[PDB]
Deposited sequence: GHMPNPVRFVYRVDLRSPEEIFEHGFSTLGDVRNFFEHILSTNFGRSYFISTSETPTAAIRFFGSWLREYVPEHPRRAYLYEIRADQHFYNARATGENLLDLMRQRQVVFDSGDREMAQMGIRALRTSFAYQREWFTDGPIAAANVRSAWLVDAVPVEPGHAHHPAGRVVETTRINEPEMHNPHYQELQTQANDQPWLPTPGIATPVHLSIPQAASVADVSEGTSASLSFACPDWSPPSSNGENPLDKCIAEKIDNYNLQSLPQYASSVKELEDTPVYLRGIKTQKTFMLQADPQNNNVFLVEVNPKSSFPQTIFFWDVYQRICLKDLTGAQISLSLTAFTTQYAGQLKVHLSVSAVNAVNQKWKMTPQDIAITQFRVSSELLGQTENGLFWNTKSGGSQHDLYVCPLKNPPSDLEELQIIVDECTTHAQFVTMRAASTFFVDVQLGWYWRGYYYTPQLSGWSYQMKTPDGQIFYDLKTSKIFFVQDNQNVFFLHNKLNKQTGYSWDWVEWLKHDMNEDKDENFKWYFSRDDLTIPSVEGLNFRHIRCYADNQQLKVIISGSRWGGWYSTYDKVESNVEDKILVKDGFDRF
């Protein structure tokens, strides 16, 4: 409740005159979670889609055009909607269902667990960037606070080349904001629980898993559900009103990670220009020391190719030797209103790795790059015009009253500089969640050590991750050394428990269930009385449970066990707030 989801967002072609008066209506009367996520036989869902951020709500709307003269410029409205108890998070709902399936508490009315896990994999990876909160039914006019006219426009029109024959588009949120006079300020928040169709004890959860899915291709390999891409779908060709390059249908076992438009991707260096000095720089970064810096145009090496993905991250193209991806990250300094940019492990839930790129000129060629860390405060990238040497540091500052010698840098798009697709959000290539695992005892925080013991301190950001592709948990010692959480316990161990261990391992390996883990809410109080976020953690292999020894000579020792109840042990693991939503 200190950190609720208060507003969600939705792009819809219907005008505020209609929405401000009537709210949003459902497609149909079917309350089926998987069919809604997978757009199965689209057009019957009782659920209405919204997104936790404007950027995610509007992504589909930036789909690239075919090479023809657009006779109907693309316009719609972004709505800001107060969330309440009938708004549920799609990702968290899916994780809860995975938990129930692994613990064997599901009745499959249709389909099976293998199929459901394919559905969950798609939700975790392909559709996750949507940041979807769905409503269990209609949204009243009284929830809708504001609207903005939005449009999609080509980047550098008349000049930009068309990757694979498609025209690079971006979106704009136009001022001014329009306020809904029927809006009621009720100080509510989205439901913090995973969705289930029935009340109270739902325990024997019944699931109907569909055999097929539909996916809108929204450019650069990106998948969108039809509930996002066809916001005003009508019964009969409705698909013609969808905003997307194309709609594909697949059997669930055939569902690809990327859309056909993935062929549009090109390697792009990044060029920035100082607003006053007009000096031009290339963005560069070095995974050996995680430095990010600027080199003026006029035993490691700088890397030069970046992309901006649908999680809003600006990532270096290549993985390190230990198979991790690195992203530009805005870190706090000691100075008033001056963040410094540096690399860290790409994480889908790290707000300090999220960036917006907004066109500043009507020719759509100059782009301000802003950090989501600074919230509603207008901000941009800066360099120190007085700094000397070959490489210059990169900062983020509020636009208002910037430090003395600093000037803003904006991305410039041109044949001789940044290519147009850089300033659009392409499909993501890694799906790591920062889970920051730890434990808590009597006011003190503890963190895992690679030895299997614990150290007394709070787990730092950017260290312990969960790979959504494979369900592995890993600890990044540094860019070349990554260790994975491994279960040793089985039905032949002779004992009811065994230590866990941290081992180097192939990030891509996806079969061995002793490296696979999932989170469980069970009967935990969430959040805890003191505001903490706890989960139980179990291994896919045979539901062996992760725990930590509390006291004695083996205090701080991490192990797994078949025993649900034990003494002198902690089964509540700390996990970063919001880890199950991104």
*Where does the model skip over parts of the deposited sequence?*
1 to 2, 239 to 243, 306 to 307
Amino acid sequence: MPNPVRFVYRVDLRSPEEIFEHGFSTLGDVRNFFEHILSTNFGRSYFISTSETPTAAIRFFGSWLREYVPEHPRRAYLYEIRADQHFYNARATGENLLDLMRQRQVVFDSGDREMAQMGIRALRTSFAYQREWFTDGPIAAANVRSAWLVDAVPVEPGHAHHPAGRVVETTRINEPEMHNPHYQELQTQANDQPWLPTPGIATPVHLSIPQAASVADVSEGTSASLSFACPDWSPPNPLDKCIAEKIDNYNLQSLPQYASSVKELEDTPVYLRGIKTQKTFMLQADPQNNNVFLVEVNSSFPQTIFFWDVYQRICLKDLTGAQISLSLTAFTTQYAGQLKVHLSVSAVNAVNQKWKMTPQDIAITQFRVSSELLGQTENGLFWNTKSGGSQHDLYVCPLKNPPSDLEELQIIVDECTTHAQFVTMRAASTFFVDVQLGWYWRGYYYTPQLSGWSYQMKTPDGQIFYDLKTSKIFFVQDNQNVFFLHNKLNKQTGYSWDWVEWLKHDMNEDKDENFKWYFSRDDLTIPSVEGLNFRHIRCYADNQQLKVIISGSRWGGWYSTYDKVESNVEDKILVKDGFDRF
From here on, numbers count along this sequence of modelled residues.
*asked:* When the Cα temperature factors in the entry are averaged, is it 495 to 503 or 399 to 407 that ends up higher?
replied: 399 to 407
*Taking the mean of the C-alpha B-factors per stretch from the entry, tell me the winner out of 471 to 479 and 381 to 389.*
381 to 389
*Which listed residue, 421, 180, 349, 234, has the largest C-alpha temperature factor in the record?*
234
*Which is it among 456, 227, 188, 222: the one with the largest CA B-factor in the entry?*
456
*Of the three thirds of its chain by CA temperature factor, lowest, middle or highest, which one includes residue 565?*
highest
_Looking at the temperature factor on the CA atom of residue 35, which third of the chain's modelled residues does it land in?_
lowest
*Of the three thirds of its chain by CA temperature factor, lowest, middle or highest, which one includes residue 54?*
middle
*Select lowest, middle or highest to describe the third in which the CA B-factor of residue 48 falls within its chain in this entry.*
lowest
*C-alpha B factor of residue 415, ranked within the chain: lowest, middle or highest third?*
highest
